[PDB]
Amino acid sequence: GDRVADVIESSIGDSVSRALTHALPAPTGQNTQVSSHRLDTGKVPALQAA
Amino acid sequence: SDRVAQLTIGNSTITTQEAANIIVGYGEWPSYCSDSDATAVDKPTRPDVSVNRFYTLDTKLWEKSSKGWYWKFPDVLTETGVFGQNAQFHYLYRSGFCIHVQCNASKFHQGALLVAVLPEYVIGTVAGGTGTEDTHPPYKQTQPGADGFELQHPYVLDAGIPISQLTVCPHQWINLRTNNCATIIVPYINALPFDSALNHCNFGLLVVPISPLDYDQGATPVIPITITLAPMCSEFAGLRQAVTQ
């Protein structure tokens, strides 16, 4: 009998693969959408950290 | 959020990390002209990309014994791009401007600039020094070009007006401990809806150091100052042959 608590809450016996991602379809390349000019702060896609 | 900023207009783009907020000159944005205000009947042209993008003028140097500079807009762009090659063809012109200034330095340097925008900044000579001798300023001091022109008497801005009161205009500072750039947006400032781009010069940018640059030996002495700017909401009218001046 599993009467202790550290055995009930245990993560042992996990046959599942936690996947962050998930596949999607792509029969064609992506359709470029329209854009216009923006002059805002905070928003800044160019600056990355590699 | 207030420090990082990005500026995307046209094919071009600007980034900056240590900045400040953005200024809108005299509290409103650019615009195209209304059908009520306007008077001319001809249909303008409005390219919207080839002209409304960031142009980069010239890169100055900031020594310890520097005094100041000015540039006249929109004279700076009359020989640069599809902008300039429209402004020579046509006779009538309307636009706004975004204005971005660069000066970087480390955390051991110190100084402060003043980046102001003054409409109708007439230049005045010294009257021979004695006061009696009437003179006038030459053509290369009123439309000096994209290479800018340096001040001689900055306490009076070379027009009998102090620099102490230049903050009432749209101003910003570049204190090298805090920030490294100044972004200013300006609408079209004139009594007339359209006006020429070659004769008239609607306003002048000024860059005057108040607290002088200083550092210690072993540190990089070259501290450039670069000037970037973009037209916005640009219109043109009155087509004909190209006129240099």
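The PDB entry lists chain B under the name Capsid protein VP2, with Human enterovirus 71 given as the organism. This structure appears in the PDB under the title "Structure of Enterovirus 71 in complex with NLD-22".

Under the PDB entry, the name given to chain A is Capsid protein VP1, and the organism recorded is Human enterovirus 71.

Colleague: Explanation requested: unusual backbone geometry in the structure shown.
Modeller: Apart from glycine, the bulk of residues carry a negative phi angle, and the bulk of peptide bonds sit in the trans form. Residue and element names in this part refer to chain B. Across the junction of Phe73 and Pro74, the peptide omega takes the value 5 degrees, indicating a cis bond. Relative to the elements of secondary structure, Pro74 occurs in the loop between β5 (69–73) and α1 (81–87). One non-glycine residue, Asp158, adopts positive backbone phi at about 55 degrees. Located in the positive-phi region is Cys233, a residue other than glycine, with phi close to 55 degrees. Checked against the element boundaries, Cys233 lands in strand β12 (residues 224–237).

Colleague: Please clarify how the interface of chain A and chain B should be interpreted in this entry.
Modeller: Between chain A and chain B, the contact holds 11 residues from the first and 13 residues from the second. When the two sides are added together, the surface that chain A and chain B hide from each other amounts to roughly 1100 Å², 66% of it contributed by carbon and sulfur. When the area that chain A buries against chain B is broken down by residue, the three leading residues are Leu39, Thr41 and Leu47 of chain A, summing to 53%. For the pair chain A and chain B, the number of links is zero salt bridges. Our count for the contact surface shared by chain A and chain B stands at five residue pairs in polar contact. Residue composition of the side of chain A that touches chain B, grouped by class: five nonpolar, three polar and three charged.

The rules behind these values
Residues numbered from 1 in each chain as written, not as in the entry; some residues may be left out. Chains lettered and ligands numbered in written order. Part of a larger assembly, values for the part shown. Heavy atoms only, no water. Helix = DSSP H or I, 4+ residues; strand = E, 2+ residues; numbered from the N terminus. Contact = heavy atoms within 4.5 Å. Buried area = accessible area lost by both parts, 1.4 Å probe. Salt bridge = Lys/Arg side-chain N within 4 Å of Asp/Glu carboxyl O. Polar contact = N/O pair within 3.5 Å; in protein donor to acceptor, adjacent residues only side chain to side chain. Nonpolar A, V, L, I, M, F, W, Y, C, P; charged D, E, K, R; others polar.

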